[PDB]
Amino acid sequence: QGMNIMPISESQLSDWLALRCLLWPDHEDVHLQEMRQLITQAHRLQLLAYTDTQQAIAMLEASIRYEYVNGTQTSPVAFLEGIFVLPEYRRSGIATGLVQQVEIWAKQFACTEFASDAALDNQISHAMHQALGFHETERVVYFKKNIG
């Protein structure tokens, strides 16, 4: 009679896409191509939260990382790839419940650290991360060049 978290199945790709496009606006086929791979992967977790009326109101994606993640001292570590809750549902703390499901899952992979990141100019994401129990570790500038 409230909210409910579940790992995403192929049957729920549309509900996943609808929220995923709000988080990361992009071409539908790019999303779907990625979504279909992720659900076959053991090192990936993707969840949806539903209401009574079967409305998908939140999603989370996470991974297990074996390469060095900034701010960490162990490997592997869990990593938050994306989380999105509809505004009307933020005060419900379903985001806390989603995060907690990753930790149970990450514990299976012998992880003791759960990392994430956010754009430097997105302070709201910084406030959200702290509200979920994350603390800041490092601020980083990324560079790259083409290899000719």
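Each residue number is its position in the shown sequence, starting from 1.
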| request: Higher average CA B factor in the deposited record is what I'm after, so tell me if that's 87-95 or 57-65. | output: 87-95
| remark: Stretch with higher mean Cα temperature factor, 11-19 vs 136-144, is 11-19
| field | Residue with highest C-alpha B-factor in the PDB entry, from 70, 116, 46, 108 | value | 108
| said: Sorting by Cα B-factor within the chain, modelled residues only, which third would residue 104 end up in: lowest, middle or highest? | reply: highest
| query | Comparing residue 81 with the other modelled residues of its chain, is its CA B-factor in the lowest, middle or highest third? | reply | lowest
